[PDB]
């Protein structure tokens, strides 16, 4: 009931960007996506961050991208009671609505940590939990070439690719045109995570 990937027999993939902190890297990444004509990437946002940087959220919404939740506080759901998790998710949705975000259907739990409890809660709140199938490791800043080869050497149809647009991502923007070119030249289509889910 978590989604790791979409239809493996079709040439559609989802680039996803997590943002848990920062005020410098997301906007240039957004400028790059616009310049390369991508209007349907997916961004998972910590709502504590979003509340502090509504200008960045505004830009994500304006350019057309899908937004998913990463809760409010950036602490692991596996280390929390049931009610604490529900409350974090509710606080987050409250913030997202005030920022004008279309109602959240998608959840990426902080740090990617979840268990059985988390999933049922998420289901109780109407959320689909989203993981990934292709980790760029861009948060490690291993070099542009390494980000590009990690994603592209392993690229399969249906992939959900993990990238970051937080201020930890020093090289993601530099890698992004090369990633998008690889997609186009090899006949893959970049779609949002919701588009990918419905296309399964």
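Numbering follows the first chain given and starts at 1.
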Review point. For the C-alpha atoms alone, is the average B factor greater in 77-85 or in 93-101, going by the entry?
Key: 77-85
**Study point:** Given 108-116 and 67-75, the range whose Cα B-factors average higher in the PDB entry
**Key:** 108-116
Check your understanding: Should residue 9 be placed in the lowest, middle or highest third of its chain by the C-alpha B factor in the entry?
Key -> highest
Point to revise | Chain-relative CA temperature factor third for residue 177 | key: middle
Exercise for review: Could you look up the Cα B-factor of residue 52 in the entry and say which third of the chain it sits in: lowest, middle or highest?
Suggested key: middle
Check your understanding: Taking the entry's C-alpha B-factors for this chain, is residue 189 in the lowest, middle or highest third?
Key -> highest
Point to revise | residue 156 - Cα temperature factor, lowest/middle/highest third of chain | key: highest
